[PDB]
């Protein structure tokens, strides 16, 4: 006989989307356990118990003998009460049923990267489950018990400490947008025979992550084999060169310098520019004079480079740093990357140019979307949030409102002007953005933008990794994904059409 104190497990808090839709739920599962010390007195029952558990009689008997010094072993976890009652109906001494809490993920693969999962012990192991584990877990209680020599509970004397349930967590994710984004990203991977991809949607006014999806994905309810590539929340833990999608930030520095206006002209002939042993190269090389809007429409590396030499790389680096490229988001998601915005005491000419067109810098899809959100929100960056925001924190003015407004107009022209990225056009709305194509033979296709251009509400980033068909440019591959997902997201959010 022994007086002992045992734990009372706590109920893990519910994770919902922003509207209360369930994303991670603690559900009762029937667990069968046994005390090997008690089992030793009832050997004649073992074979029938083994048969009920679908185990070979000899392996089962060997298992009980190997664990003979233990007072607890799991027999089977995750049964239905009906299934557990069938094993309990054998009335084997030392066999017990228990209702345990186990996570179920109702949206499965659709929000797997964001939500993450719990381990077999119900502890946060990945994603939000890990990041907010303290909030979700609660505090176990304590029970006083009298145990016999075998460790069998003879009497339940009293509860010394009641368990405290974990707390509900409402994510910033809008499950309706998440499903839309998930489906369209999946479809684009098929259309392009691509290896992987990410799609992030952000509320430019609140800093909320409305959707965050990646391909490949996995079913968190059935993690049996268990692919590492499929479990990566690429939008947060993968870094990439943003390329031509950072040209609006180089343009912001240009307009803020006092030396450039959108109608100023740059001569980009013959579509290449030698700087020692390095050559800056444009894709289409049949231009001479281009205005600043033209440089973005035509995505001229030569044009943005000449502007960068004039204003200096320091001014460009400062805008990129202020909008958060290669900077800590403060989110603390497990494995989240900071990326890298290179710096120099004295910027050489080749490095000034490559910085201006997003070569040699590394960012995450969340960073790039946050930077476009700041630009869309008249230059004001609202802090990022993975949770529903009721009281919006104060933003920081990172680009002056006039400069941000001018760059927004230029980006609407990139989408709507003749010779522009027409595939990004959103039916019924004015949209703005910029595509990118990064050579990693192998390519990464990008589109970053926001809408409605007259009163921006949503920023979006589409990343398609290694499209394998003839088409690889961001304006061909990623821009139509932005169009479909932005049209859907605006309609779900009842955003009034502005292209009247």
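Residue numbers count along the first chain shown, from 1.
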Quiz prompt | Sequence continuity check, residue 43 and residue 44 (deposited residues unmodelled) | solution = none
Exercise. Between 377-385 and 279-287, name whichever shows the higher mean Cα B factor according to the PDB entry.
Key: 279-287
Quiz item: Mean C-alpha B-factor higher for 235-243, or for 74-82?
Solution: 74-82
Practice problem: Have a look at 451, 68, 438, 448 and flag the one whose Cα has the highest B-factor in the entry. | Solution: 68
Exercise. Would you mind finding, among 265, 229, 320, 211, the residue with the largest C-alpha temperature factor in the entry?
Key: 229
Practice problem: Could you say whether, by C-alpha temperature factor, residue 99 belongs to the lowest, middle or highest third of its chain? | Solution: highest
Quiz item: Lowest, middle or highest third of the chain for the C-alpha temperature factor of residue 303?
Solution: lowest
Quiz item: Going by what the PDB entry lists, where does residue 18 fall on CA B-factor within its chain: lowest, middle or highest third?
Solution: lowest
Quiz prompt | residue 261 CA temperature factor, ranked by third within the chain | solution = middle
Quiz item: Based on the entry's values, in what third of the chain does the Cα temperature factor of residue 495 lie: lowest, middle or highest?
Solution: middle
